[PDB]
Each structure stands twice: as structure tokens, then as C-alpha cells.
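give me a model of this one.
(chains A, B, C and D)
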Amino acid sequence: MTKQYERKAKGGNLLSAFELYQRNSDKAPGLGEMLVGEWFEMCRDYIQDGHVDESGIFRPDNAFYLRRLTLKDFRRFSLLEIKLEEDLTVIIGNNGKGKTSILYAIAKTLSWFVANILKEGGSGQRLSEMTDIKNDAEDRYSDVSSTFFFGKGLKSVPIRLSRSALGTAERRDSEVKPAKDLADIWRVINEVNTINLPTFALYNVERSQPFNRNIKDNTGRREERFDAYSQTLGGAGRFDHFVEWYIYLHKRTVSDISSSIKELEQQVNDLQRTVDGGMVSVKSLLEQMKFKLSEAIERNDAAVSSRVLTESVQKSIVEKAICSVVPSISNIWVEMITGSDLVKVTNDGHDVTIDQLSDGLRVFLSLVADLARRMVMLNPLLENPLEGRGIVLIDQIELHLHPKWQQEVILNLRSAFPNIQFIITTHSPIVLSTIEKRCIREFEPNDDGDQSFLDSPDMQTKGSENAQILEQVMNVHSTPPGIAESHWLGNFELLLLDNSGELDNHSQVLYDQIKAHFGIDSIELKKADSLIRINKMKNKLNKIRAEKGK
Amino acid sequence: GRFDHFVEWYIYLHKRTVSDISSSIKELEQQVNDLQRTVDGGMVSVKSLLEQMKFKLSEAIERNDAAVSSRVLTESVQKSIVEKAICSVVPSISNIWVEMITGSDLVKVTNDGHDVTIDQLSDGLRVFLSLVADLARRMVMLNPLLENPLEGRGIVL
Amino acid sequence: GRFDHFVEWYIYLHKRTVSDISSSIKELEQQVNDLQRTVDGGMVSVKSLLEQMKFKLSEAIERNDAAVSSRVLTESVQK
Amino acid sequence: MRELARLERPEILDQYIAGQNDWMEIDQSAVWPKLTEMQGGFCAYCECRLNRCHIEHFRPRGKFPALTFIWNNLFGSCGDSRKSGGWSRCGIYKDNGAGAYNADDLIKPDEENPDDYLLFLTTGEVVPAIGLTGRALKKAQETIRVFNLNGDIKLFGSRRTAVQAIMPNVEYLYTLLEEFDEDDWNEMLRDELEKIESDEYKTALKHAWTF
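Numbering: from 1, shown residues only, chains lettered A, B, ... in the order given. For reference, the structure is listed below:
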């Protein structure tokens, strides 16, 4: 029984060494000398092995991603099976096809991972029993089944999330035990030695929110590593946490690390000045600063010590990520005015404060900044913490973005975060023009929920024109059919072939409408002119062929 | 906009359909439909009490509608004009109503062919429905004198 | 005592028993009895094309039995 | 569409007779090399490349049960029935969408010529041919209405860009009519008639090239 687990550990398995570690860790050394150590060393190798390839990107030996997602009686899906790619998966379809529901189900699945990492025996989010159940289904329960991949030793991590409507005879339940096991391995090896936890994030529609800038949310917690999991699957990027963390980094960079720690010891010396002035009478500030020293001792020791890298390097890395992914903003830095601490960026050469940034350049910075924050806080043992593993669920990456800026958004995101499995659900063809054919899942525009598969489009979308992607993949005309001014070339050809290619009474006046509408330099009039010449000299060929024949 | 105000005004306007507040109409709503249940014109002497039970109830519900058709708006006419505007503009919704077959006031639409709740809609059809529904509400309750209140003046950004 | 939950429960119970199995089956039975007391002599022309509501009486009898196929309080009996 | 040369009846379907068994009993692989020789591996309804394909019955099996095993009813279909819903063109659309139609209200590519009843324009849109009135005009409308040529986006846009991709070719080849002589300039059009058959769209480019 022990021998089978040791043979499985020799053959390669993360879970097989875990119960061995749990059964030999509770006794004394001598009986545990090198016994616990070899399984700890092998487990930490299986988490932390990685190599630098020929392109310079750190690639882990045991990548973590989601393989398959199965939705049974979930919202509008009868029984839907989706196979997800390793690096990027795009789900496209009309308004009404459940492509936000897919991200919602994956986020509900990842909530168990996040909660069980954060607290031992924790509980993640659960499916609702009012809206997520299919109102047409007669089984009155819905289950969401996912499979996770964590290397060759861990081929499958199953998880099911079940929910039954009220009134059922049998209470259907979840089977989140393998997610519990994997997050237990990560948490109990992280509590004793530092590792690189993965990033789980969901960027839903509710990132499109105004900035308040008067935000005095609870000061003190926004520098601890497990704060990076705080409301990370909520749907909205925690730009509040990012800007509080960035003011923390600016103050610590300009004061705490340039000329050592000073802002605490100056008021320590103030207390040593005022401690023997007679009657003391200062008990309100006698103790509220004394634990600030304890805070800076037991929280900054991780960030300065060998587990978490240098804070100035953290600032440089998050600034580099922001100016690399975010299109026109090229630098981000903080001003300290009398009574205020405000962050300003260089947008198109103009120093613009965050609150008056544009709504299409601020809700993408709210994504990139928060994502880069969570990677640099959760993956500190890397030269580039943006190369850490994780799963990120972006909903409508093309939100509030110009078509000029949609041509590089997913290229910039995949360049900055190579090891993140992005799962995006876009509407625009221009985003699809930068994404491979195999990375696209699609919904046909007749999709009442019965499909057991989502398949890629037939034509390649990586270099195709936007009109071709719109008119072959998304099933939309290039010129609108609800406009009588768009069918004028077709009516021109009908009225011109009615009278054998002569501009007699109808084709000439309709040509005048085309010329007066589209313009002299218009490509539509260019086709019209070319077809006029080609079809006026066609009667010459008709006469020549008639003379040859008879 | 105020989509919660539109939803509250919509369920209010549906519950007031068709008895209003003059009452009058409420006192011509309950007992009128209960004549044919009990005694039906007296031992069924004249069964329907002429054909005036149809044609909107002997044009006496229409008594508080003939000067309330286009001088002001009848609340059933207000509800029908808002419904027509929503189904005419907003895409992949072709019917909208309020149900209380359960215990809650909830509005439903007919997304594609499936009768789903507004909270069981998309996030791109519900936003456009909120815009069109709220704007059509403001036009029908700011233009009482019009035959079609959506043909009124205004500026919308 | 919560005279806030009672009002919601009461309006809930009135809503599920107004457009459902409700206090209208007595009105339907009285309508059928009053029509039958007059068409007994003759003139079944007012019964032939009003037979749809008389069949809808039995249709309203249908879908009610599942509410009373068990020993539990009906939502219109609680009210 | 195209003249399909109905060459020879295969001997696979001679043993099985309609009425005794349905269409599902025969294996589907013994008829496709017989059909692809005369079709070129093409749906002859959307005039259409077969990346995925199945066998389509020109007249429906449910209405005329003793017509399936004649071999005059078998053609290729743009797409396959295994899609959980299928496409909206060629063979699937007639059996799934559209509505009521008559057997004589349809054009059959085996003997009837589609050149003089329907007309492929340069914009990718099909129209009825000029001078056409009456029952044949109603047939020319009805075939397009049931086969969705004026219709689904992936067919209409692809046909439009395939015809529009050769417009400079047609223009510059035609503008040298006075420069070149008779036989060596009609040699260009026989070169096109030897060129176009290794493409998806043949009669649309025929209508774009000559008339």
C-alpha cells in the first residue's frame, strides 16, 4: 500500500507523494530523516521546474490549464462540451448565445480553487437555483463539469458543480474533492516554503465603472500576497487595490528604500522627544504607532527577503507591463501634493490624471494593471513574474476600444503574459483577425441549445481581411441590406442586362444617382464604369461571333 | 437612465389595466364580468345583454377614453405604445409583458422564441432594451396630446 | 412579530391564486348551472358556441388534481 | 448551375428495392465515386465545393417513397447532416427550412439547362433571366427561394468575392480585342473554358467571362 504509492511517486505523480507526506510528516525525525525531505523536494520540483527556451520566455515543465468544460442543463445549454486550447480560446456568437454563461461557469469552478487556496477547508461560490437552472429542462438540476491539466503526473483534475431547483426528491451535490486536494497541496507547501501560485482572474462587463479617486478603503492589508486573491473572480478589476498598492510602492521607493527607512523612525524620535516632557497625556498616539513598527517588521520582511523580490523591481515590472500592453499610455508615475497623492500617466504626450482618462483607455488599464499586480505579487521567484501560470477569463476584450487599437490588444496581452491561458469572448472581426482558426469557438445563428460541441470556423482568420472575417465567420453582409442605396449596383446590372448593355433610359439615370451619391472617386462608381465598358463592348463580340457562325 | 423606474412604472401601469383611478371604471370592471357568472341577464333572458359586452364593454370603459385617447393618454394605450416601441426597435425581442403566476412582479420578454425574464437576458440586449424602454417611457409620459407620442421634439445624447 | 413578512406572504399567496386555481371555479359552476337551467327547454344555439367555456370548466378541473394529490395545504387554502 | 452528364447507373442500388427497406440500410461509400466523376466533387445546388458532403434527394423520400432507388434522385449536398442543425443551403435547406414546393416547380440539372432561366450577375446576386415570363419564371424564383442562393452569407459573399476577384482579369483581357486577331483571341476564351473547372465557382465565372 505504501509500496504502490512509492512506485507511483517514482513513476511521476504529484498526488501520490501527498498522502505519503501527510502520513510521515506527523512523526519525529530519525524516522522522518530524509523521508519527508525527499517527498518535499520532489513535490517542490514538480511545482517549480521550468526552462528558458530559444525565445527567452520562462516555460514551466508542468503547465496548468483547463482542458474540457461540460454544461448539462445549465441556463440555455442542454448538454454542451467545449474543448479549450492551451494558450488562447475565443468564443464568438450572437447576443443570446450563452458565451458569457461559459465564463460564468468557469469562474464558479475557479472560485473553489481560490477559496481552498486561501483557507483550508474553504468553500467557493455556488450555482444559483433561480436563474442558472434551465427553465425548459425537466430534470430540475444543472451540473457544470470541468477537467484541469497539471502536467504529465496529473492528467485529469475533475470537478463538478451541481445545483438542483427547490422541490426535487434528490439533492444533487458537487464533487470538488480533486480541486480540494490540489489546492491543499499548493497551500500546505506554500505555508512552509515559498512557491509561485497561479493567477485566477475574471474580467466581466462590470469593469466598466467610473473612478472615484477619493477611495479610503481599508488601509494596511494591500501589501500581503493573499490579498491578491481578494475578489479576483468578482468580475471587475480591483483598480482600487492597484492604485493603493501603487501609492504604497511610490512612498516606499522614494522614502523607505532610497535613504533607508525614515518616516517611521522620525516619529519614533518624536515620541522619544515627547516621552519625558512632564505629564504624558499622549496615550492615543503612544500605541497606534508602536504597532506600525510591528507591521513594517512582519509584513515588509517577506517583500525585502529572499521569498519576494525587490520592491523597486516590482514597480519597474508593473510600469513596464502597463506601458507595454496599454496602447497610448507610455509612462505612469505618482505625484505627492500637499494633502494629496495622485497617479498620472503620459497619454499621447500629455500628462493626464487617471480620473480624467478616457473610458476606453482606463478600463483596459484597470485590466492590465490589476493582472500585472496579481502576477508580481503571486509569482515572486521569477525573473519575469508575468511568465507565471494561471487562468484569466476576459469578457469582451474589445470593450470601448477603437478598431485601430483592436488590431494589437490580444497580441500585446499574449506577448506580456505568455503562460496565461486567456479565455476571451469577443464580438469584433478585427480581434479575430489577430487570432488563429484553432483558437476560436463559434455559435451558428440557429443555435437553440442542443449542440454537444463548439467548433472552429472553416476559413483561417489569422491574416484574412476584416470584410472576409465578418462575412464568412460572423455571417454579416459587408454592405447593409436594409439600405436601398446599397443594392444600386445590382439594380444597375439588372436594368443594364434588360436592354442588352445599353444606357438608354433607366441605366443612365440610375448611373446618375450612383455618381451623385457615392462620388466621383468612389470605388462603387469604379466598378460601375468598368462594367459599363465591359458590357458595352460585349455586343461587339456578339456581332463578331454571329458573323463567324453564320 | 432609470430602468428600475421604468420597470416599476410598467408593473404599475399593467396592474392599472384596465380600471384606472377614477373608479367609475373599476366599478365597471368587477361586477360587469360577474353578471354572466351568477344570473347572466336574469335567468338568461337576454344572454349577452346585446352585443355590447364586446367592443370594449358598451363604450363605457371607453367613456373615460374618448376624451382620454389623444387629449391625454389612456394607460392601456400608454402601455401598448411602449410595448410597440420596445419590440419595434430592440433586436430579438418581439413581445413583452408582466406575469404574476408566481408570487413576484416580474417582466418577461420573448428573446428569439423563448419567453425569458429580463434578468435572464443578455448583457447587450438588456442594455439596449433599457435605453429604448426608458426613452419611450419618457416620450409617452411627456407627450400626452400626441396620437403617437414618440413623434415628439427632443434632444438625446 | 414580523408584520412585514406576513404582507409579502399574503400578496404572494394572492398572486399565485388569482391567475391559477383560484376563487373562480364557483363562478364557472354557477355559470354552467345558470346556462343549463335555461337551455333545458331548448334553444341550444347559445350553448353550441359557448361550449368552449363549458369545456374550459373541465380544463380548469384539470391541473388542479396535482395540487390535491397529497396531504398538504393548498396555497388557496392557507390564505 | 451546370449540365451534369448522367453517365451510367451504378450496380450497387440494383439489388436493394424501395418499400422493403429504407435509405439507411445501404452503405454510403459505394455511390460517391460514381457521383464525383460527373459532379467534380461539387454540390450542384450552390455550385459549390464539397469540403464536407452528403447525399441529397432531389425529390423528398417521405412524400414519394418509391422514388429513392432510381439513381435519378441522388446528388451531392453542400455540407453534411452531422452538424446538429446543418447549413442553410443546397440540400439541407430544402429538407429543413423554406416551405411547401412542387416537384415540377424545381429545375433539375440532369437535362434542363440553367443558363437561360437564371443569371449570375457580377455582384454575386442571382436574378431570373431576361425575357422570362410565366411558369418558368415562377420556377426560376422558386428554385432560388428554396436553395438560398439569394440567401446565406457564406455562399453569397464567397461567390461575390470570387467573381469580383477576376474583374481586372476580364477587363484587361477584353480591352485587347482590337489588338489581337480572331483565332488567337478566341483561344483566350477556350483557355478560360479549360481554366475555370479547377475552381469552386464555374457558371458564375462563365457569366462573368462570356454571355
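
which parts of the chain are strands?
No chain in the question, so chain A it is. Secondary structure of chain A (DSSP state E): strands at A:50-52, A:58-60, A:64-74, A:77-83, A:88-92, A:141-150, A:157-164, A:199-203, A:329-337, A:340-347, A:350-353, A:390-395, A:420-425, A:440-442.

hmm, I had chain D in mind actually
D:42-43, D:48-49, D:53-57, D:74-78, D:118-120, D:126-128.

so which of these gets nearest residue A:136?
Closest approach to residue A:136 among these (CB to CB): strand D:53-57, 29.9 Å. All C-beta atoms are positioned from the backbone trio N, CA, C, and that covers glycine.

paired strands for the closest one, with orientation please.
Paired strands of strand D:53-57, with direction, are strand D:74-78 (antiparallel) (DSSP bridges).

contacts for the strand it pairs with?
The contact list for strand D:74-78 (CB atoms under 8 Å, 6 or more residues apart in numbering or on different chains) reads D:31, D:35-36, D:39, D:41-46, D:48-50, D:53-58, D:87, D:89-92, D:109, D:155.

now the residues you listed: which count as buried?
Buried residues within the contacts of strand D:74-78, counting neighbours by 16 or more other CB atoms under 10 Å in any protein chain shown: D:31, D:35, D:39, D:42-46, D:48-50, D:53-58, D:87, D:89-92, D:109, D:155.

on that earlier part again, dump the strands of chain A to CSV, plus distance to residue D:202.
Shown next, in CSV, are the strands of chain A (distance: least, CB to CB, whole Å):
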stretch, distance to residue D:202
strand A:50-52, 54
strand A:58-60, 49
strand A:64-74, 43
strand A:77-83, 37
strand A:88-92, 32
strand A:141-150, 47
strand A:157-164, 52
strand A:199-203, 49
strand A:329-337, 54
strand A:340-347, 55
strand A:350-353, 58
strand A:390-395, 44
strand A:420-425, 39
strand A:440-442, 29
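
next, count neighbours for residue 68.
Defaulting to chain A. Here the count is done by other CB atoms under 10 Å in any protein chain shown, and residue A:68 has 15 residues near it.

nope, chain D please
A total of 20 residues lie near residue D:68 under the criterion other CB under 10 Å.

could you report the distance from it to residue A:220?
Using CB to CB, to the nearest Å, one gets 79 Å for the distance from residue D:68 to residue A:220.

ok, now residue A:160?
Distance from residue A:160 to residue A:220, counting by CB to CB: 39 Å.

for residue A:339, same thing?
Residue A:339 is 20 Å from residue A:220, by CB to CB.

between the two, tell me which one has more neighbours.
Using other CB under 10 Å as the criterion, residue A:339 and residue A:220 rank with residue A:220 on top: 10 against 5.

from chain C, how far off is the residue of chain D found nearest chain B?
Proximity of chain D to chain B (CB to the nearest CB) peaks at residue D:85, 14.0 Å away. In this view, residue D:85 and chain C are 34 Å apart by CB to the nearest CB, to the nearest Å.

do the same with residue A:318
As judged by CB to the nearest CB, residue A:318 and chain C stand 50 Å apart.

burial of that residue, as a residue count?
Using other CB under 10 Å, residue A:318 has 25 neighbouring residues.

need the contact list for residue 200.
Answering for chain A, as no chain was given. Shown in contact with residue A:200 (CB under 8 Å, 6+ apart): A:110, A:113-114, A:229, A:232-233, A:390-392.

my question was about chain D, not that one.
The contact partners of residue D:200, by CB under 8 Å, 6+ apart, come to D:42, D:47-49, D:158, D:162.

ok, back up a step: got the contact list for the residue of chain D closest to chain B?
Applying CB under 8 Å, 6+ apart to residue D:85 gives the contacts A:444, A:446-447, A:450-451.

now these in CSV, with neighbour count and distance to residue A:4?
Formatted as CSV, the contacts of residue D:85 follow (neighbours: other CB atoms under 10 Å in any protein chain shown; distance: CB to CB, whole Å):
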residue, neighbour count, distance to residue A:4
A:444, 18, 49
A:446, 14, 52
A:447, 21, 47
A:450, 11, 44
A:451, 19, 42
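
among these, which are in helices?
Judged by DSSP state H, the subset of these located in helices is empty.

quick check: the residue of chain A nearest chain C.
Residue of chain A nearest chain C, by CB to the nearest CB: residue A:167 (12.0 Å).

stretch A:95-115 near chain D anywhere?
No. Using CB under 8 Å from any CB of the partner chain, stretch A:95-115 never reaches chain D; the gap is at least 12.8 Å.

most centrally placed residue in the chain?
Using chain A. Centroid check for chain A by CA atoms, centre = their mean gives residue A:392 as the closest residue, at 3.5 Å.

you looked at the wrong chain, it should be chain D
Central residue of chain D (CA atoms, centre = their mean): residue D:44, at 2.4 Å.

hmm, residue D:5 and it touching each other?
No. Between residue D:44 and residue D:5 there is no contact under CB atoms under 8 Å: 11.5 Å.

what about stretch D:122-134, start to end distance?
One end of stretch D:122-134 sits 26 Å from the other (CA to CA, to the nearest Å).

ok, residues contacting that stretch?
Identification of contacts with stretch D:122-134 by CB under 8 Å, 6+ apart yields A:489-490, A:493-494, A:497-498, A:527, A:531, D:116-121, D:137, D:140-141, D:144, D:149-150, D:156-157, D:159-164, D:167, D:204, D:208.

residue contacts, residue A:373?
With CB under 8 Å, 6+ apart, residue A:373 has these contacts: A:228, A:241-242, A:245, A:318.

among those, which lie within helices?
With DSSP H as the criterion, helices contain A:241-242, A:245, A:318 from among the contacts of residue A:373.

can you pick the most crowded of those residues?
Using other CB under 10 Å as the neighbour criterion, residue A:318 leads the ones in helices among the contacts of residue A:373 with 25 neighbours.

which residue sits closest to it, ignoring its sequence neighbours?
In this structure, residue A:318 finds its nearest non-sequential neighbour in residue A:372, 4.8 Å apart by CB to CB, 6 or more residues apart in numbering or on different chains.

the one you found: how many residues sit nearby?
When neighbours are counted by other CB under 10 Å, residue A:372 registers 25.

any idea how far it is from chain B?
According to CB to the nearest CB, residue A:372 stands 26 Å off from chain B.

dump the residue contacts of residue 182.
Assuming you mean chain A. Residues in contact with residue A:182 (CB under 8 Å, 6+ apart) are A:14-15, A:113, A:148, A:150, A:154, A:157.

try chain D instead
Contacts for residue D:182 (CB under 8 Å, 6+ apart) come out as A:544, A:548.
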